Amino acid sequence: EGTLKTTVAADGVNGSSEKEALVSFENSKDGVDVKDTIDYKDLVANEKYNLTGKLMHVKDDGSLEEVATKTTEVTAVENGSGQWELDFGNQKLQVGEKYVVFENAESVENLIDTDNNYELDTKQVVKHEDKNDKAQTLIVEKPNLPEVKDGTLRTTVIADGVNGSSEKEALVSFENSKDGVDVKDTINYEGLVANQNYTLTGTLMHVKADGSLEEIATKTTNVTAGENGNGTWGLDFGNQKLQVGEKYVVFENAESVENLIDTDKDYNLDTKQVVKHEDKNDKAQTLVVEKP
């Protein structure tokens, strides 16, 4: 009987029996140009056929859904074996999804005698509808998205050259306070995205005796995460005119300059990585100006 073998071309990449046509993430952005080459054998020489192609979505739920269809009139060459090309044009194919080409060729004329009277009574119908044929299959590649970990910030304030610690606040002597207090902050980060830029906003808070907060200073710098998204940054608030007997604490917020997380499963990055350390009771971030 008559047979069809098929080979899909998706954005210029061909499928084969061992491997599906891979469409790069970059090429999927403007849609995918899909064509199919049909190798026919044992058709009837010089006869016309109606060739119907279908681009099927091999859905994760186990179903096949039609995405495109094209019907055209084609003619079998002398000796009944040759090749036809069917073009689906540009298709908006989904990232991470697999699609397969189905082909059906039906003769325009009756070419088969099914009752042995020499009078032809049935069309020649040949198809290739195999969801497992890798030669007919394409896969739209997924982007390599950043491995976003749970980001953390640990901080240590430095006040007039004295480090804060978890055990004790940075104690600034009265002598040291007389000419203002030089305040800087060490930010130890982990779980950020290597080589990405972040907006680091440090805010020096006055923690009053009632526990209430008041912004004394704020500085905002552009910083880049290091190797493996772990490292150290600094924020220098400069010379601060701090009040004797009062307590101050450093807050830190780091926001990725770009979207680094895909939170709606469409493969497009839509959320920034935000990491903060806003603890009014963390002694490592606290300084106290000592009384005379």
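Sequential numbering from 1, following the sequence displayed.
Participant: Highest mean C-alpha temperature factor of the two stretches 260-268 and 54-62, which is it?
Facilitator: The entry gives the higher C-alpha B-factor average to 260-268.
Participant: Averaging the C-alpha B factors as listed in the entry, name the stretch that ends up higher: 178-186 or 126-134.
Facilitator: Per the PDB entry, the higher value belongs to 178-186.
Participant: I'd like to know which of 36, 252, 42, 26 has the highest C-alpha temperature factor in the PDB entry.
Facilitator: Answer for 36, 252, 42, 26: 26, with the highest C-alpha B-factor.
Participant: According to the deposited entry, which of 220, 152, 71, 156 has the largest Cα B-factor?
Facilitator: Out of 220, 152, 71, 156, the record gives the largest C-alpha B-factor to 220.
Participant: So where's residue 99 on the chain's Cα temperature factor ranking, which third?
Facilitator: It falls in the bottom third of the chain.
Participant: Going by the recorded CA B-factors, say which third of the chain residue 11 sits in, lowest, middle or highest.
Facilitator: Highest third.
Participant: Lowest, middle or highest third: which one holds residue 84 when the chain's residues are ordered by CA B-factor from the entry?
Facilitator: Its C-alpha B-factor, which the entry lists for residue 84, ranks in the lowest third among residues of this chain.
Participant: Sorting by Cα B-factor within the chain, modelled residues only, which third would residue 145 end up in: lowest, middle or highest?
Facilitator: It belongs to the highest third of the chain when residues are ordered by C-alpha B-factor.
Participant: Lowest, middle or highest third: where is residue 288 by C-alpha B factor in its chain?
Facilitator: CA B-factor rank for residue 288: middle third.
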